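The data below hold one chain only, encoded as structure tokens and taken in the form deposited in one PDB entry.
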């Protein structure tokens, strides 16, 4: 299944409205890491939005998590 940029519903506070855009992993490799993007640059990624939206913050990168499990001692099991 594939490469759809997803636009989430908007939410707002006392002064702004906000939204998240989800990129395919492939495309997020194109996002600059050292600076916020102009409209010119996020439009080159394929992001299409109406007037006046600003890339104001980099999202908190999520940790790379490894998952491990092991049998409990037998008398601890149910």
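Residue numbers count along the first chain shown, from 1. Take the two forms, superpose them, and find the largest set of C-alpha atoms that agree within 1.5 Å; that set is the rigid core. Residues that one form lacks are left out of the comparison.
Relative to one another, 22 to 30 and 35 to 43 have unequal mean CA B-factors, and 22 to 30 is the one with the higher figure. Stretches compared: 69 to 77, 1 to 9. Higher mean C-alpha B-factor in the entry: 1 to 9. Of all the options 59, 64, 55, 15, the entry's greatest CA B-factor is assigned to 64.
Just so you know, the form deposited in another entry exists too; it's not on screen, but the next bit is about it.
Core-superposed comparison between this form and the one not shown: the C-alpha position of residue 68 differs by no less than 2 Å.
Where the rigid core is used as the reference frame, a consecutive stretch of 3+ residues with C-alpha displacements of 2 Å or more between this form and the one not shown occurs only at 62 to 74.
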